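Just so you know, ligand 1 is whichever comes first in the structure, and atom 1 is the first atom listed for that ligand. Residue numbers begin at 1 in each chain, while the letters A, B, ... track the order of the sequences.
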Amino acid sequence: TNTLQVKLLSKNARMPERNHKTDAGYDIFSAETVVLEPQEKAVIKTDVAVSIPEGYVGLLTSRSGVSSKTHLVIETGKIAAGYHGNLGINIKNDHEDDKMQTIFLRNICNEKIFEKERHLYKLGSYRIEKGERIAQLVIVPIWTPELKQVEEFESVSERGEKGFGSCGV
Amino acid sequence: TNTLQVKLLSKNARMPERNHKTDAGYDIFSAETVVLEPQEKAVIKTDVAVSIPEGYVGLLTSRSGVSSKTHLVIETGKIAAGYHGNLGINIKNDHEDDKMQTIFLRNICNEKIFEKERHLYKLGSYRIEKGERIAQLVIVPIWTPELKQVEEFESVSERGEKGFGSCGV
Amino acid sequence: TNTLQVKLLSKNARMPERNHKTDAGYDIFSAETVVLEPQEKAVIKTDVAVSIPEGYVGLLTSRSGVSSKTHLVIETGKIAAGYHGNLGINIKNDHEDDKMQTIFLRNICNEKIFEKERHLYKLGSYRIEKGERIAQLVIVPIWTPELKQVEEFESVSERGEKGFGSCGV
Ligand SMILES: O=c1ccn([C@H]2C[C@H](O)[C@@H](COP(=O)(O)O)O2)c(=O)[nH]1
Ligand SMILES: O=c1ccn([C@H]2C[C@H](O)[C@@H](COP(=O)(O)O)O2)c(=O)[nH]1
Ligand SMILES: O=c1ccn([C@H]2C[C@H](O)[C@@H](COP(=O)(O)O)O2)c(=O)[nH]1
Ligand code: NI
Ligand code: NI
């Protein structure tokens, strides 16, 4: 079959988008407005549920814009088949806590947020607005064979017990 | 074929598990007991060898629990076909070194470890116990065609030389 | 078809390599010489363009050597089909800014760079040389079905609305 089922869990949820046939995955939006201070960790709720069929895995991963411009680090989530719960974005503000203060929050593009009401924030703080495009979902097929414990392998390769950790060549 | 070969390299090794037909990959366990101080890097040995056939790649990656609860960051390892050596978990404790001390170690769930014997640790330190479930392996098929150097591409797309780095839209 | 088209954008560009039939992906080289101070972010240009066909995605990802030896963190780039622009390596030097000074730069293998001309650098600084092998590209097939909004899913699974965030079991 060529259909994926999507359940919206609230009015704050936004439907994933795949504009262009050339695009790899689906744009994921935040359903929460959240301020992340330097070094702070959170799981941002999308209020979106997905039904991935067997033989596939979803990759809830970062986008080039947010990750390259800001210190907001998204850990790629392995969305298993059958998981019909709320998709959470595993995020960390990886800006260092330098103990310095500023009156400007930063957006998901590293642009300064101008406010009428003046407030003091810790330098390196970000704000993710409700409805903002911060992640993407890329679904790839998986191979899940039966495991067999062996003492030696059937086919000896030309790479072998090497080579973990090779820099400089 | 629908079989994957697994070699245990020591008695400390633990067999990877795929409970449920709905699960994406295989649970990987640590074979070492290791204390990671803030900002410390290590390669944790599993004492497990795997024989991935050609046309596939293994993804030695994080789990939602450990990564969301703790500052333990696992870099996804690309397990090549033919690599029959020890699978190492590329890990870093990404807690900041604030120079502060505590008498509590943190486990892989960010819970405080209570000890009868009192010791002073640096705040943000974690302990990975031998046998603990800290990673997972997801095997996906790969496309490895022959490369052809061109001056211009055959099919001009509608995405084009764009678009790297787009935030805010 | 079993062919991938590659365009070199400058003389500084280097052709991706896939030595051995056992290897997962293609070795990517830097086209820039760049010094990254602690906590600094950059997008390193490869001056290499690729034409990935539809039904596939490229994974511009780290290698075991650089990532395990150094604090240089590469965020895996999702190279979409049709993207014919310059492939950029999304990188961050994740060494902490301890305010300390040294006369040695570190290479991509964490080895000290010896210089005839003496200079003062911030401790934790790295230098990526033009032509150095720092990344790899692994191409995997993608599933991109049509989306259908539902109120409830057709097939209820045995995993269910669980289980996000499970450590310690
Ligand atoms: O960033 C993430 C990671 C995981 N999950 C969901 C999907 C998985 O099916 C489930 C369990 O994750 P693991 O513990 O298997 O990583 O949690 C998310 O929603 N977001
Ligand atoms: O986290 C990792 C990364 C790599 N490898 C193994 C599998 C690869 O076949 C080999 C070489 O890795 P690269 O240098 O190709 O990344 O090291 C691991 O065991 N764990
Ligand atoms: O590290 C990266 C990430 C992305 N891209 C390119 C490929 C994508 O087609 C395009 C858009 O990226 P996203 O915004 O979709 O992540 O930028 C890179 O060259 N390097
Ligand atoms: Ni990944
Ligand atoms: Ni950090």
- Task: Could you please spell out the steps behind the salt bridge (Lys or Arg N to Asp or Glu O under 4.0 Å) verdict for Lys7(B) and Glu152(A)?
- Result: CA-CA 7 Å; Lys7(B) 195 206 285 183; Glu152(A) 287 296 318; 3.5 Å; yes

- Query: Going through the checks in order, is the salt bridge (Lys or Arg N to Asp or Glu O under 4.0 Å) test met by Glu111(A) and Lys69(A)?
  - Reply: CA-CA 9 Å; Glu111(A) 293 178 41; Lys69(A) 293 179 198 293; over 6 Å; no

- Task: Check the pair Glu75(B) / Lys92(B) against salt bridge (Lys or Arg N to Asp or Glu O under 4.0 Å), numbers first and verdict last.
- Result: CA-CA 8 Å; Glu75(B) 178 64 24; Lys92(B) 185 200 172 178; over 6 Å; no

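For atom 12 (O) of ligand 2, the nearest non-hydrogen atom from the set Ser67(C), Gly65(C), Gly58(B), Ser64(C) belongs to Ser64(C). Between the choices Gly77(C), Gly85(C), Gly88(C), the shortest heavy-atom distance to atom 20 (N) of ligand 3 belongs to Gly88(C).
In terms of polar-atom proximity, defined here as any N/O pair under 3.5 Å, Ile89(B) makes no such contact with ligand 2. Backbone and side-chain nitrogen or oxygen atoms of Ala80(C) are examined, and one is located within less than 3.5 angstrom of a nitrogen or oxygen of ligand 3.
Between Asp27(B) and the choices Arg63(B), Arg18(B), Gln136(B), the side-chain hydrogen bond (donor to acceptor under 3.5 Å, both in side chains) rule is met once, by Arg63(B).
With contacts defined as side-chain heavy-atom distances shorter than 4.5 Å, the pair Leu147(A)/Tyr26(B) qualifies.
Atoms of ligand 3 found under 4.0 Å from any heavy atom of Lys78(C), numbered from 1 in the order shown, are 7 (C), 8 (C), 9 (O). Atoms of ligand 2 lying under 4.0 Å from any heavy atom of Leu87(B), numbered from 1 in the order shown and given with element: 19 (O). Heavy-atom contacts of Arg63(A) reach the following atoms of ligand 3: 16 (O) (cutoff under 4.0 Å). Taking a cut-off of under 4.0 Å to the non-hydrogen atoms of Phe164(B), the atoms of ligand 3 that pass are 2 (C), 3 (C), 4 (C), 5 (N), 6 (C), 17 (O), 18 (C), 19 (O), 20 (N).
Contacts of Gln136(C) with ligand 2, taken as heavy-atom pairs under 4.0 Å, involve the side chain alone. Counting heavy atoms under 4.0 Å from ligand 2, residue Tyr83(B) touches it through the side chain alone.
The aromatic rings of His95(B) and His71(B) sit perpendicular to each other, their planes meeting at more than 60°, with 30° as the lower class boundary.
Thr70(C) pairs by the side chain to side chain donor-acceptor pair (under 3.5 Å) definition with nothing, not counting sequence neighbours.
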